[PDB]
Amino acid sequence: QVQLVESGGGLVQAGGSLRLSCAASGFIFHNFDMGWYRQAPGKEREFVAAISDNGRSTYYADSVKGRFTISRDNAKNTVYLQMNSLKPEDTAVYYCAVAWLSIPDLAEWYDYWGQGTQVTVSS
């Protein structure tokens, strides 16, 4: 019944920009700190961005700081990952999920993880 849905990805030439969105349904979202994470072929998942429930606190991985921007619309129940200055090293499957400390049940953690949207930044 909790469904996160991620869209906005595709192919953009390096040094380009993409706006990633995450539609939220199934729960009181305004209550939830949320994150963008990514998993590339072969590498394990990686934290990218973090928004507070409200949106006043954010956090970014050290390899995306300055180029990435997380955000939320608590009215539309949605999280955006503004991605600028992309590099072929950002190519990955991107996932909005719930911040871990804020996951209700660690046995069904997948329910708070979206299915992903992919991004292939090319030379």
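Each residue number is its position in the shown sequence, starting from 1.
Undergrad: Could you check which stretch, 59-67 or 29-37, carries the larger mean CA temperature factor in the entry?
TA: Looking at the record's C-alpha B-factors, the answer is 59-67.
Undergrad: Which is higher on average in the deposited entry, the C-alpha temperature factors of 92-100 or of 75-83?
TA: According to the PDB entry, the answer is 75-83.
Undergrad: Using the B-factors in the PDB entry, rank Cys22's C-alpha atom against the chain and give the third, lowest, middle or highest.
TA: Middle third by C-alpha B-factor.
Undergrad: Compare the C-alpha B factor of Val12 with those of the other modelled residues in its chain, then answer lowest, middle or highest third.
TA: It falls in the top third of the chain.
Undergrad: In terms of the chain's CA B-factor thirds, is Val119 lowest, middle or highest?
TA: For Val119, the deposited C-alpha B-factor lands in the middle third.
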